[PDB]
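Novice:
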Amino acid sequence: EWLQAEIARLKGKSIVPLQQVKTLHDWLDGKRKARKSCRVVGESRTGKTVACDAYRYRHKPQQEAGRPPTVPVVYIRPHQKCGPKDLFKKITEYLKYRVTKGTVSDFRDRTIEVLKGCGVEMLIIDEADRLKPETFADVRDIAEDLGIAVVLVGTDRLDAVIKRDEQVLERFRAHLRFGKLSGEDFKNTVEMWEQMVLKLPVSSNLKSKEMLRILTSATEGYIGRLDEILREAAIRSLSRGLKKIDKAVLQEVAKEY
Amino acid sequence: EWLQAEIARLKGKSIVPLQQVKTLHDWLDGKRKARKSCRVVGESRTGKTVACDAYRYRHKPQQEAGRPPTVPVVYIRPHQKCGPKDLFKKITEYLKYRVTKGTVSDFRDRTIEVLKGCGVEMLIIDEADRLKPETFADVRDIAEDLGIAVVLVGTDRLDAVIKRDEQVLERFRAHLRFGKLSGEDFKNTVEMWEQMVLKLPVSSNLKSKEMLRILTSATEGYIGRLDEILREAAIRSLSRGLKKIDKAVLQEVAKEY
Amino acid sequence: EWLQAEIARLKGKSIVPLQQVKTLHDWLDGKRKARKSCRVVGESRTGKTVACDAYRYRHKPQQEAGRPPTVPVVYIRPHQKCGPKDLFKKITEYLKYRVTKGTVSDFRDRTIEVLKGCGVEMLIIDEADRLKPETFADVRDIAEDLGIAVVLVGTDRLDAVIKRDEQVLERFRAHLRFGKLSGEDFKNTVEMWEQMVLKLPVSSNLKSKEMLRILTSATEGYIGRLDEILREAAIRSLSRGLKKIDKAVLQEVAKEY
Amino acid sequence: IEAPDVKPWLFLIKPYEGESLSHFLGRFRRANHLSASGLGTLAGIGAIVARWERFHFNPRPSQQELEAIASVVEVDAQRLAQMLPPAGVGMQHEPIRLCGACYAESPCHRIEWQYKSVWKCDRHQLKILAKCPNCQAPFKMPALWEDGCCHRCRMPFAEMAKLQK
Amino acid sequence: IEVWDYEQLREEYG
Amino acid sequence: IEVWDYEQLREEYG
Ligand SMILES: Nc1ncnc2c1ncn2[C@@H]1O[C@H](COP(=O)(O)OP(=O)(O)OP(=O)(O)O)[C@@H](O)[C@H]1O
Ligand SMILES: Nc1ncnc2c1ncn2[C@@H]1O[C@H](COP(=O)(O)OP(=O)(O)OP(=O)(O)O)[C@@H](O)[C@H]1O
Ligand SMILES: Nc1ncnc2c1ncn2[C@@H]1O[C@H](COP(=O)(O)OP(=O)(O)OP(=O)(O)O)[C@@H](O)[C@H]1O
Ligand SMILES: [Mg+2]
Ligand SMILES: [Mg+2]
Numbered sequence: 019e020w021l022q023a024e025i026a027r028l029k030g031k032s033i034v035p036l037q038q039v040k041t042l043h044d045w046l047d048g049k050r051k052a053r054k055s056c057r058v059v060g061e062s063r064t065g066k067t068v069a070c071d072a073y074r075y076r077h078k079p080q081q082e083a084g085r086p087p088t089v090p091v092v093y094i095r096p097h098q099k100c101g102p103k104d105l106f107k108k109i110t111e112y113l114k115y116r117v118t119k120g121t122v123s124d125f126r127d128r129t130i131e132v133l134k135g136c137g138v139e140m141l142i143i144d145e146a147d148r149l150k151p152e153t154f155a156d157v158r159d160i161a162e163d164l165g166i167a168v169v170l171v172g173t174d175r176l177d178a179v180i181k182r183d184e185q186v187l188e189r190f191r192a193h194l195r196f197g198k199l200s201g202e203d204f205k206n207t208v209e210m211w212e213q214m215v216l217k218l219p220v221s222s223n224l225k226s227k228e229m230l231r232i233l234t235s236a237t238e239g240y241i242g243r244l245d246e247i248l249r250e251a252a253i254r255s256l257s258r259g260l261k262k263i264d265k266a267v268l269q270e271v272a273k274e275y
Numbered sequence: 019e020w021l022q023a024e025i026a027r028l029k030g031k032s033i034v035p036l037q038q039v040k041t042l043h044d045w046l047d048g049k050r051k052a053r054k055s056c057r058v059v060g061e062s063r064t065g066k067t068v069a070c071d072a073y074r075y076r077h078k079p080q081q082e083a084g085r086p087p088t089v090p091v092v093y094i095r096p097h098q099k100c101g102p103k104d105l106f107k108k109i110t111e112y113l114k115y116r117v118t119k120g121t122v123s124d125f126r127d128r129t130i131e132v133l134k135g136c137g138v139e140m141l142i143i144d145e146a147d148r149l150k151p152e153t154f155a156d157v158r159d160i161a162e163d164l165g166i167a168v169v170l171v172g173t174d175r176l177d178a179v180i181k182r183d184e185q186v187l188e189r190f191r192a193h194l195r196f197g198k199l200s201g202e203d204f205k206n207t208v209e210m211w212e213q214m215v216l217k218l219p220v221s222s223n224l225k226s227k228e229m230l231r232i233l234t235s236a237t238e239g240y241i242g243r244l245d246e247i248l249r250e251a252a253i254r255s256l257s258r259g260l261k262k263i264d265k266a267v268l269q270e271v272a273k274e275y
Numbered sequence: 019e020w021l022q023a024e025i026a027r028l029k030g031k032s033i034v035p036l037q038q039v040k041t042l043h044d045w046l047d048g049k050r051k052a053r054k055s056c057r058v059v060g061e062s063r064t065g066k067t068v069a070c071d072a073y074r075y076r077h078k079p080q081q082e083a084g085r086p087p088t089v090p091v092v093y094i095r096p097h098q099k100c101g102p103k104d105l106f107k108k109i110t111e112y113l114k115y116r117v118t119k120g121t122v123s124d125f126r127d128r129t130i131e132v133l134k135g136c137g138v139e140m141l142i143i144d145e146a147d148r149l150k151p152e153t154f155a156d157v158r159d160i161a162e163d164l165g166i167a168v169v170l171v172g173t174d175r176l177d178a179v180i181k182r183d184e185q186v187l188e189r190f191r192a193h194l195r196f197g198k199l200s201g202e203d204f205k206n207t208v209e210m211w212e213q214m215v216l217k218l219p220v221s222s223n224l225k226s227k228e229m230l231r232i233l234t235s236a237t238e239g240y241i242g243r244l245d246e247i248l249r250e251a252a253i254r255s256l257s258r259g260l261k262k263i264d265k266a267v268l269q270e271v272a273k274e275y
Numbered sequence: 002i003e004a005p006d007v008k009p010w011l012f013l014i015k016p017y018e019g020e021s022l023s024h025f026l027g028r029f030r031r032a033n034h035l036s037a038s039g040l041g042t043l044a045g046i047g048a049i050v051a052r053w054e055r056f057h058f059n060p061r062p063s064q065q066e067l068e069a070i071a072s073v074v075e076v077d078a079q080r081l082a083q084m085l086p087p088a089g090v091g092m093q094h095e096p097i098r099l100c101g102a103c104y105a106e107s108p109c110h111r112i113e114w115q116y117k118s119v120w121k122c123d124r125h126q127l128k129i130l131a132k133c134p135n136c137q138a139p140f141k142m143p144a145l146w147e148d149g150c151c152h153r154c155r156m157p158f159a160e161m162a163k164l165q166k
Numbered sequence: 570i571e572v573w574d575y576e577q578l579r580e581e582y583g
Numbered sequence: 570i571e572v573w574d575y576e577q578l579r580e581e582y583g
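Quick look at the structure:
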């Protein structure tokens, strides 16, 4: 069924090279060669996790016939109230080697062995504020011991955690911030999203003045909402046999937000 | 004894289709296919928990002789001050999976393995505000990691808890609200309850103006009160050898509330 | 429907260049470069708040790829019995940072960090007399510590509050005063409003003596009343199929004030 | 209350022909995420099962731990019995021998390789490894194998089969 | 002279 | 411009 094929697509995910994303990739590269640690901050729906993920994938791990994989970038995400053991365990799994059973000092010794030899240039920690305050001792330790850049990614709260300790604030003083959509940038996005993500047969033509008012109020500049809203509108719309997104169905969706 | 058979019936429980209930079932279905998380809000006697049951039962789990089941909908209720360990344990038990002692990270790894493979599309969490603030990290994690819609069900306080954290507010921004009975809807309900639930040989003829006044003042539109009150009135009334509900016996019951 | 288009227009809001407004814009600019604090005073319907917005909008925030917006002018309006945390909270939100849980010293230290880096030259506080007496300590502190001009806007009551404290009166001693319309200025305004705001086909000749008497008594020179009255008069008048404002219909409206 | 018309269950695996016991139990523990003590606990047979993973079998508790455990792994006592050397024969211990040539067919370990008399594979016709050819380390119990990867010297394990014979 | 719509100034804001 | 599917990157992963 043609309709079923299309609904499954719309329910999925994709990466669109937005203006905000291009900047981060170049900034991190600077930091990568310079081998310096830094942090990235911004509001929770700005798409920080995605920009950082897209980056990870542009540097495929490499493999020769003999030695272990060389893995320039490591991306991990902690659990809530992450302890010192939990951080090493995830780094070790990420790199495909598993050590089971021992004490904290053993996970640490083993983490430094897999981080060495195997080239690692950058470690990215998502939701950095899930880290328990003491774990930063182990994050600094690695950052200073090995020539590995460490990047901390998070919301404004992350800085509230960092500013409570001078030892950390100073290693991670440099920062980049993500912002929101506005003005001409919000409009250009909307148009890209229509052609690049929705793809209905009949042009729904949203950049029109009358329609942008609806979207602006509904989304308030967060790329997160903009995506959810236009996808929910094409899916609802197709389920009812329409060939485009109109004004009333868009309002029907926006009303629920 | 004929009379005893009848008292036992009245003492029990049943589900009556109502408009409130139908609305939810269709709304959730939208959300299920779209795979989007949401919340349901409303006052505590509107019958939210019961609508959720009625929903669960419309999708029979399937099972083959050897491999694991397919369970499209999972419904759980937390205990007060629910922690991260308590949530995983209840998810794992609801599927009749055998498990014992281990640490929090171990229940977490297990929760993702039983949620995977086993078709699960939606998770519904009742009494949602019993969750401790940190557990929401685990609720978001699942919602983002697995294509599972999470529905939070609760009273106005639920939103007071949610607004304390921007990370949660945004995943669960869309909502549906349950309301109270009024006007013609309260009147039609009362009538349904007489024909579909009470069933006395003597015919009550409740919808009468002078009787609805009694019930309206007594119940203030809550379906909860309406049910308890008419059932307490038929049981008391039968025990006294009457064949119908009159005005005085109804007032005798309502006076106690 | 032609008439409906017109009613919606009249129902709305606009800003008309006027002498009072231009005067302020130039005065503030002097103060902005000089970096000096001051206050703006005048009666409650002179249109102080509007001139201030008209000013804000002529200086749009600027944005680079990485760092926070550069924001030359910050405009805030306090709630009633505004405390020290309420002032910092609004300054911080205005610049689009999220405020999290902490104590008074934290809001203060954080406010000074976002006021730095982000170029800020002027802070405008509307309805200044909603401030609790102690908060003025924080308003002076900023004005003296950072090269930021602070402007206090308000009615004659503001000065009655300010004279209760020498320390404040003296930092904010310079002022500009808004007045009322009269003579040729009231007459020219009326005419501007007719050609620039009302635009009925007929041309109602308000500047005629017979109409100015009605408006003068009705408005007493406040730009606020003049606008409300002529808009209520053109809207009522159109609904009745007339294309100009006559004597009786204007008196019908004026009598209600 | 919990969902209707279901029974208690866990994740099952299928044995391969010739598969060894230590190996089998390891797959099982991994599929279901648990400790050996854990298996012993669901089972109610004590801590005794952990040394099975490193091939120590003083007994054949054929009607005790072994008849009983079938109910957890869903494999019958006899198929399970077959995962150990017949009473009186076989019984090798320290080196763990392997023929990587068969790994192209199925990752596994074949228990026959640990009977005392073996040094060659007849099915693939060749010298059996008793030690790693590159890093020259001995191998870890079949029971603890991960993804067919060598920690000492990562390779495809299967990729090693062109060499040594 | 130019006169501005009040909601337009809002829409064009930074 | 190139745009990527989200799961594709995983299918082509190192
Ligand atoms: N380049 C992009 N293309 C399409 N969608 C994007 C893009 N960037 C972000 N998104 C949207 O953001 C969502 C992914 O999460 P997001 O990028 O907000 O991570 P995040 O901002 O780090 O979240 P949080 O900070 O709350 O953990 C997706 O639902 C997607 O619609
Ligand atoms: N569809 C229905 N059919 C029959 N009875 C119903 C129905 N919906 C609600 N009720 C009545 O409501 C009661 C169930 O509790 P109800 O859902 O009203 O409160 P609740 O929302 O579960 O409370 P809380 O949200 O505080 O847990 C039952 O006793 C039943 O008589
Ligand atoms: N330049 C202008 N263009 C159009 N309308 C104006 C203008 N100036 C003032 N007004 C009218 O006056 C009103 C704005 O009042 P405003 O709040 O700016 O004065 P205020 O003295 O600050 O009032 P308050 O002291 O109560 O805050 C509007 O409703 C508007 O109709
Ligand atoms: Mg994220
Ligand atoms: Mg309930």
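Chains as they are written, first to last, in the authors' numbering: chain H, 19 to 275; chain G, 19 to 275; chain B, 19 to 275; chain X, 2 to 166; chain b, 570 to 583; chain h, 570 to 583.
In this text, a Cβ means the ideal position worked out from N, Cα and C, and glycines have one as well.
1) Counting only Cβ pairs nearer than 9 Å, list the residues of chain X close to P102/H.
2) Just checking: is the beta-carbon of residue 304/G within a distance shorter than 8 Å of some beta-carbon in chain H?
3) How close, in whole Å, do the beta carbons of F196/G and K66/G come, if the pair is a contact with beta carbons under 8 Å?
4) Is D245/G near ligand 2, going by C-beta to nearest heavy atom under 7 Å?
5) Going straight from the alpha carbon of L260/G to that of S200/G, what length do you get?
6) Quick one: list the residues of chain h neighbouring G65/H, beta-carbon separation under 8 Å, in chain order.
7) Residue range of the alpha helix (DSSP H) that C70/B falls in?
8) Within 7 Å: the Cβ of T237/B and any heavy atom of ligand 3?
9) Am I right that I94/H and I130/H are in contact with their C-beta atoms under 8 Å? What's the rounded C-beta distance?
10) How would you write the range of the alpha helix (DSSP H) that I130/H sits in, first residue to last?
11) Can you check whether the CB of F154/G is closer than 8 Å to the CB of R57/G?
12) Using a Cβ-based criterion (distance less than 7 Å to any ligand heavy atom), does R57/G qualify as near ligand 2?
13) Suppose the cutoff is 7 Å on Cβ atoms and the five residues either side in sequence are ignored; what does the same chain contact list for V76/X look like?
14) Answer yes or no: does any C-beta atom of chain b fall closer than 8 Å to that of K225/B?
15) Considering only C-alpha positions, which residue in the set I241/B, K119/B, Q213/B, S235/B is nearest to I570/b?
16) Using DSSP bridges, identify the partner residues of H193/G.
17) Tell me whether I180/B, by its Cβ, gets closer than 7 Å to a heavy atom of ligand 2.
18) Between which two residues does the beta strand (DSSP E) holding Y93/G run?
19) Just the chain H side, please: which residues come within less than 8 Å of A155/G by C-beta, in chain order?
20) Against chain b, with Cβ distances strictly below 8 Å, would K31/B count as a contact?
21) Helix, strand or coil for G172/G? Go by DSSP, reduced to three states.
22) Pick helix, strand or coil for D6/X, following the three-state DSSP scheme.
23) Look at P90/G and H77/G and say whether their C-beta atoms are less than 8 Å apart.
24) In or out: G239/H buried (at least 16 other Cβ within 10 Å) or exposed?
25) Cβ of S62/H less than 8 Å from any chain G Cβ?
26) For the region 241 to 262 of chain H, enumerate the residues whose C-beta is nearer than 9 Å to any C-beta of chain G, in chain order.
27) Does the beta carbon of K40/B fall short of 7 Å from some heavy atom of ligand 3?
28) Just list the residues that DSSP pairs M140/B with in beta bridges.
29) Since I believe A37/X is in contact with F12/X (beta carbons under 8 Å), could you give me their beta-carbon distance rounded to a whole number of angstroms?
Specialist: Taking the geometry as given:
1) None at all; the shortest Cβ gap to chain X is about 22 Å.
2) This structure cannot settle anything about residue 304/G, because the visible part of chain G is limited to 19 through 275.
3) Yes, they are in contact, since the Cβ atoms of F196/G and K66/G sit about 6 Å apart, within 8 Å.
4) yes
5) Answer to the nearest angstrom: the Cα atoms are 30 Å apart.
6) Those within 8 Å of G65/H in chain h number zero; the least Cβ separation is about 13 Å.
7) 66 to 74
8) no
9) So it is not a contact: roughly 16 Å between Cβ atoms.
10) 122 to 133
11) no
12) no
13) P16
14) Not an interface residue.
15) When only C-alpha atoms are compared, the closest one is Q213/B.
16) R57/G
17) no
18) Residue range 91 to 94 is occupied by the beta strand (DSSP E) that includes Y93/G.
19) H97, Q98, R148
20) By the rule that beta-carbons nearer than 8 Å mark a contact, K31/B touches chain b.
21) strand
22) coil
23) yes
24) It counts as buried.
25) Judged by the 8 Å Cβ criterion, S62/H is in contact with chain G.
26) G242, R243, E246, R249, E250, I253, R254, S257
27) no
28) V91/B, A167/B
29) With a Cβ gap of about 17 Å, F12/X and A37/X do not count as contacting.
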